[PDB]
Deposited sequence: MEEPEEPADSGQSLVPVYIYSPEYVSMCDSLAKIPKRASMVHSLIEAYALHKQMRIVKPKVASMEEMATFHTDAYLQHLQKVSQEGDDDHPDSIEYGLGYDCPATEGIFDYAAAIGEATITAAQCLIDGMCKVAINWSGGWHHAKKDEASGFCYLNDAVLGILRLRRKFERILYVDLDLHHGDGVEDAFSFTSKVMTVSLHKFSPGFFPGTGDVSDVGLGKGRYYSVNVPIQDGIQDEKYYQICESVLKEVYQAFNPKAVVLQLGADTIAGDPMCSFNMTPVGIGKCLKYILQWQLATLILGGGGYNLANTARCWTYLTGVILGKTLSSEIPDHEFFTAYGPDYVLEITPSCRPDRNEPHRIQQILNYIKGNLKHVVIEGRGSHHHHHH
């Protein structure tokens, strides 16, 4: 009944080296450790990544070139995803880490496994996209697929989980549900409510297009409404949960207006299903707030109430000016007109009626 926490001093050090999120992995672990939460979780070292376990989703052709430019140095290797040194080994490390957590859920080692450094949901099978070179979420889903008949992927990141959805857009055995911001010109541009999948996978993709400024209460009523209908029609045997923290107030994305407590409500509702759940991180570019969020969420999984005051640790100075765990919503409008939100939920309710 004890959650597995994918951790390794070398692993965090590798994730620290990630270009867009310096030392973020350490900030998260350090803060989690500062609350002594790791003393209540089964700490598991991530396995070593092989080329063969990455090839279960990504093409050989893409994997060769990705490792090649990683040695020294098309395929989406530009813009947000520039070819940099050791990017293969970093991407593969996280890819393997998520697979390790998926493996633990299979062995019946636990009901919940955690890899906060994962959740890179934009990578296609043969294309790098949106800081994502390898798609660890997919790899984990494929691993869970060996034991569990139906997999449910819930993406609570600010951005649409296009990579994971595209990977399983033709199957009914893996259902993806993504709550994200949707507005012309906003990355990645896909994920409208009309996006329901293709082939036999039709109606087994769910996207919830949301506008700026949404807060906890409204977000949960939206999220729970959908998840109630999804769990009813799909009856999942396992869940992969992506909890990107770029939805939290104070994030440089300045889009949604969420607090960790809001996301926690969504997490509490999913955990109450008593299914094998794989918890993933993702976005979150306010490094301190991202640490605040996932630490609180770790406590939510553990069913513990955390002290409001941030304890002193290596990154204590980065938690000004209040040095508390809570996060206050920004005083800016919620751009979600109640009518449109209602129209979307009906569009989804209708789509879910097709699920047998």
property: Missing CA stretches, deposited numbering from 1, N-terminus first; result: 1-13, 87-94, 378-389
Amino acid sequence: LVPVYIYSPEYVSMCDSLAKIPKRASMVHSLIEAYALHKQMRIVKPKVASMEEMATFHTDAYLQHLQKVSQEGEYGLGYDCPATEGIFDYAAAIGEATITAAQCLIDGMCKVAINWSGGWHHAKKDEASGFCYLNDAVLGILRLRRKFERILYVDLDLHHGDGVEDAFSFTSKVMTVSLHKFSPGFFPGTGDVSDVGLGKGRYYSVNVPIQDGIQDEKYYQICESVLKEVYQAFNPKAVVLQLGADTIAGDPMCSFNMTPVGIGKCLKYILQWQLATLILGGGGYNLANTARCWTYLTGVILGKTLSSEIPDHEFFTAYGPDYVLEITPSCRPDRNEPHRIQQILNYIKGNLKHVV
From here on, numbers count along this sequence of modelled residues.
| property | result |
| --- | --- |
| Mean temperature factor over C-alpha atoms, higher-scoring stretch between 39-47 and 287-295 | 39-47 |
| Higher-scoring stretch by recorded Cα B factor average, 57-65 or 321-329 | 57-65 |
| Identity of residue with top Cα B-factor, from 246, 155, 162, 85 | 85 |
| Among 135, 274, 176, 257 - the residue whose C-alpha B-factor is largest in the record | 274 |
| Cα B factor band for residue 312 (lowest, middle or highest third within the chain) | lowest |
| Assigned third (lowest, middle, highest) for the C-alpha B factor of residue 73 | highest |
| Chain-wide C-alpha B factor ranking for residue 126, given as lowest, middle or highest third | highest |
| Chain thirds of CA B-factor: placement of residue 92 | highest |
| CA B-factor placement of residue 149, once the chain's modelled residues are sorted into thirds | highest |
